[PDB]
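Reviewing the structure listed below.
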Ligand code: HEM
Ligand SMILES: COc1ccc(OC)c(/C(=C\c2ccc(O)c(OC)c2)C(=O)NCCc2ccc(O)cc2)c1
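Below is the structure:
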């Protein structure tokens, strides 16, 4: 076997940590240009064997959990925040069973009501923005998305109980995903660690109360929570309340910040492309209805231009820029054998802005998919939600949430950038959020 082309680090242990923190996408891009598609790293005592390009990423996107173990990478971070016996804590077959049980709930029947729920919530929430002014797009969209995700997934019982205190609790729970989670161990009683732990206990307690109330409820209502409760394991064991709580606080916490940043990025891209925003509003006027009636899942499929805009936003600025895996058996890609112990990586951000196939890589143009383009030509060139075996179980929910939030938002206002300052990428956060998000909005005529 041959080890993959190994980059050389001046620092023995820390490696390229500072460079990756400063500019991960650019660092990966130049490393690709200099050492091919299978260049390796050395970051904090770990070898980050990145796979760039479709051919290299095919290994990660077609690998099995017996070969590329996600748990050995994500357990120490996801177990304390989500719960025990849920998410990545369980073995891989139980994890697959949980994933399919969750995917069963997110169906067309539930989406038909989710569209109306999200439309109502965004129409009510964006009343405070007034006729015109400037606002923090990222935070407002995060607050809207947490409301909509709660109302749709957890149900009216949980949504009604939602207030500023529990919103801050959810923000604190998301605060568990940070640098300290990776570098520092689960031994130090850091105040961030104890905040996350207390938030998880309080959230699970209120969720236990809500689950008991729903179970005792006589009236039958179809929801994600009800579907999870009715559905049992493959063997036949009824789902425990602890497991159900873990499922739902995993679902919502996994879509609150990977959907807020995408919505904000699409908003800024549409503000920069005023002609594209005008075309999108014209579509909202013509294909949904001249009187602009409330949206429905049937009309969602008619918003092809908005779908293309969301696709281009995800291509340029993916929320999840890295999907890590832990090698445990020797694997070969591009002729280079990766020994077990290397943190096999993949970049759903660099994979979509490579100049080899993505022409005008950094140019926002939601018309590329109208013609032939890598997203259809190549297997794993456009992978914002993942592809192959490892995909998001809620990409449909994301495409029905963002395309119902932004449809109403474009129906309401006429977004326009301020001082021509397109927000940059804040690499400090694990999900790259726009830097200083401020937009000068005006009410649509
Ligand atoms: C633009 C929106 C979103 C993007 C780009 C995105 C991206 C991703 C990606 C790339 C993965 C793969 C992680 C892995 O394979 O290790 C993932 C996993 C996941 N996604 Fe999302 N996500 C989004 C929103 C959502 C939404 C709305 C939900 C609603 C349920 C959700 C639920 C999940 C869950 C539970 C996982 C767990 C891992 C798995 O399913 O394999 N995400 N997401
Ligand atoms: C902001 O919270 C997130 C958001 C998105 C994530 O995945 C896209 C993750 C993550 C791992 C992750 C950890 C730290 C990170 O910094 C990160 O990148 C943002 C990602 C993960 O898979 N969650 C869901 C796991 C799960 C599976 C099955 C189930 O039934 C219930 C839950 C964490």
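In the authors' numbering, the protein residues as written are 58 to 502. Quick reminder that beta carbons are idealized off the backbone N, C-alpha and C, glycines included.
At 4 residues or longer, what runs of the alpha helix (DSSP H) sit wholly inside the stretch 124-204?
128-139, 149-162 and 165-182
Could you say which of 217, 287, 478 and 340 lies nearest to residue 328 if we only look at CA atoms?
The residue given as residue 328 occupies position 271 in the chain shown. The shortest C-alpha separation from residue 328 is found at 478.
So, with DSSP's three-state summary, where would you put residue 395?
The residue given as residue 395 occupies position 338 in the chain shown. Looking at residue 395 - three-state DSSP - the assignment turns out to be strand.
So the candidates are 157, 365 and 217; which of them puts its Cα closest to the Cα of residue 285?
The sequence position of residue 285 within the chain shown is 228, counting from 1. Nearest of 157, 365 and 217 to residue 285, Cα basis: 157.
Identity of the residues DSSP links to residue 119 by a beta bridge:
Here the question's residue 119 lines up with position 62 in the chain shown. Beta-bridge pairing links residue 119 to no other residue.
In angstroms, rounded to a whole number, what distance separates the CA positions of residue 129 and residue 151?
As a working note, residue 129 is residue 72 in the chain shown. As a working note, residue 151 is residue 94 in the chain shown. For residue 129 and residue 151, the distance between alpha carbons rounds to 16 Å.
Just mark residue 408 as buried or exposed, buried being the case when its beta carbon has 16 or more other beta carbons within 10 Å.
One-based indexing of the chain shown puts residue 408 at position 351. Counting Cβ neighbours within 10 Å, residue 408 comes out buried, since at least 16 surround it.
Return yes when at least one heavy atom of ligand 2 lies under 7 Å from the C-beta of residue 155, else no.
As a working mapping, residue 155 is identified with position 98 in the chain shown. Yes, the Cβ of residue 155 comes within 7 Å of a heavy atom of ligand 2.
Determine the contact status of residue 496 and residue 474, defining contact as a CB-CB distance below 8 Å.
Here residue 496 corresponds to residue number 439 of the chain shown, with the count starting at 1. Here residue 474 corresponds to residue number 417 of the chain shown, with the count starting at 1. Yes. Within cutoff.
Taking 7 Å as the cut-off, is the C-beta of residue 407 nearer than that to any heavy atom in ligand 2?
Start at 1 with the first residue of the chain shown, and residue 407 comes out as number 350. Checking every heavy atom of ligand 2 against the Cβ of residue 407, none is found closer than 7 Å.
Could you give the DSSP three-state label for residue 359: helix, strand or coil?
For the purposes of this step, residue 359 is identified with residue 302 of the chain shown, where counting begins at 1. Residue 359: coil per DSSP, three-state reduction.
For residue 426, does the three-state DSSP call read helix, strand or coil?
Position 369 of the chain shown, counted from the start, is the residue given in the question as residue 426. DSSP places residue 426 in helix when its eight states are reduced to three.
Are the stretch 352-371 and the stretch 449-464 touching by the rule of at least three beta carbon pairs closer than 8 Å?
yes
Quick one: grab the DSSP three-state call for residue 388.
If you number the chain shown from 1, residue 388 lands on position 331. Three-state result, residue 388: strand.
Where do the ends of the beta strand (DSSP E) carrying residue 499 lie?
By 1-based counting over the chain shown, the position of residue 499 is 442. 495-500 is the extent of the beta strand (DSSP E) around residue 499.
Residues near residue 330 in its chain [Cβ-Cβ closer than 7 Å; skip 5 each side]:
Here residue 330 refers to the residue found at position 273 when the chain shown is read from its first residue. Contacts found: 421.
If you measure from the CB of residue 100, is any heavy atom of ligand 4 nearer than 7 Å?
Ligand 4 is absent from the structure shown, which contains only ligand 1 and ligand 2.
Under the assumption that residue 109 contacts residue 404 (Cβ atoms under 8 Å), give the Cβ distance between them as a whole number of angstroms.
Indexing the chain shown from 1 puts residue 109 at position 52. Indexing the chain shown from 1 puts residue 404 at position 347. The pair is a contact, with the Cβ atoms about 6 Å apart (cut-off 8 Å).
Three-way DSSP call (helix, strand, coil) for residue 447 in this model:
If you number the chain shown from 1, residue 447 lands on position 390. Residue 447 falls in the strand class under three-state DSSP.
If contacts are defined as beta-carbon pairs under 8 Å, then residue 469 and residue 501 qualify, I think. What distance do you get, rounded to the angstrom?
Position 412 of the chain shown, counted from the first residue, corresponds to residue 469. Position 444 of the chain shown, counted from the first residue, corresponds to residue 501. Right, their Cβ atoms sit about 6 Å apart.
What's the gap between the Cα of residue 230 and the Cα of residue 429?
The sequence position of residue 230 within the chain shown is 173, counting from 1. The sequence position of residue 429 within the chain shown is 372, counting from 1. Distance between the alpha carbons of residue 230 and residue 429 is about 42 Å.
Mind checking whether residue 2 and residue 88 have CB atoms under 8 Å apart?
What the structure shows of the chain is the stretch from 58 to 502, and residue 2 is not part of that stretch, so it cannot be assessed.
Using 8 Å as the threshold, is the C-beta distance between residue 124 and residue 318 below it?
On the chain shown, position 67 is the one that residue 124 refers to. On the chain shown, position 261 is the one that residue 318 refers to. Cβ atoms of residue 124 and residue 318: not closer than 8 Å.
Taking just the CA atoms, how far does residue 343 sit from residue 291?
Start at 1 with the first residue of the chain shown, and residue 291 comes out as number 234. Start at 1 with the first residue of the chain shown, and residue 343 comes out as number 286. So the alpha carbons of these two residues sit roughly 47 Å apart.
Rounded to whole angstroms, what's the CA-CA distance from residue 315 to residue 276? Just pull it up for me.
One-based indexing of the chain shown puts residue 315 at position 258. One-based indexing of the chain shown puts residue 276 at position 219. Distance between the alpha carbons of residue 315 and residue 276 is about 34 Å.
Along the chain, where does the beta strand (DSSP E) that runs through residue 276 open and close?
For this step, residue 276 is matched to residue 219 along the chain shown. Per DSSP, residue 276 belongs to no beta strand (DSSP E) and is neither H nor E.
Nearest to residue 235 (by Cα), restricted to the options 161, 262 and 131:
As a first step, residue 235 must be located in the chain shown, where it is residue number 178. The residue with the shortest Cα to Cα distance from residue 235 is 131.
How would you label residue 72, buried or exposed, when you count the other beta carbons within 10 angstroms and need 16 or more for buried?
In the chain shown, residue 72 corresponds to position 15, counting from 1. Burial call: buried.
Cβ-Cβ separation, residue 439 to residue 80 (assumed contact under 8 Å), whole Å:
Walking along the chain shown from the start, residue 80 turns up at place 23. Walking along the chain shown from the start, residue 439 turns up at place 382. With a Cβ gap of about 22 Å, residue 80 and residue 439 do not count as contacting.
DSSP state of residue 308 mapped onto helix, strand, coil:
For the purposes of this step, residue 308 is identified with residue 251 of the chain shown, where counting begins at 1. Here residue 308 sits in helix by DSSP.
Distance, Cα to Cα, residue 149 vs residue 336?
Numbered from 1 along the chain shown, position 92 holds the residue referred to as residue 149. Numbered from 1 along the chain shown, position 279 holds the residue referred to as residue 336. Going from the Cα of residue 149 to the Cα of residue 336 covers about 46 Å.
Quick check on the burial criterion: 16 or more other C-beta atoms within 10 angstroms. Buried or exposed for residue 269?
Position 212 of the chain shown, counted from the first residue, corresponds to residue 269. Residue 269 is exposed by the Cβ-count criterion.
Got a sec: does ligand 2 put a non-hydrogen atom nearer than 7 Å to the Cβ of residue 82?
For the purposes of this step, residue 82 is taken as the residue at position 25 of the chain shown. Checking the Cβ of residue 82 against ligand 2 gives no.
Does the Cβ of residue 231 lie closer than 7 Å to at least one heavy atom of ligand 2?
The sequence position of residue 231 within the chain shown is 174, counting from 1. It does: the Cβ of residue 231 is within 7 Å (strictly closer) of some heavy atom of ligand 2.
Hey, quick one: how far does the alpha helix (DSSP H) through residue 89 stretch, first residue to last?
Indexing the chain shown from 1 puts residue 89 at position 32. From DSSP, the alpha helix (DSSP H) with residue 89 extends over 81-92.
Is residue 308 near ligand 2, with its Cβ less than 7 Å from a heavy atom?
Here residue 308 corresponds to residue number 251 of the chain shown, with the count starting at 1. Checking every heavy atom of ligand 2 against the Cβ of residue 308, one is found closer than 7 Å.
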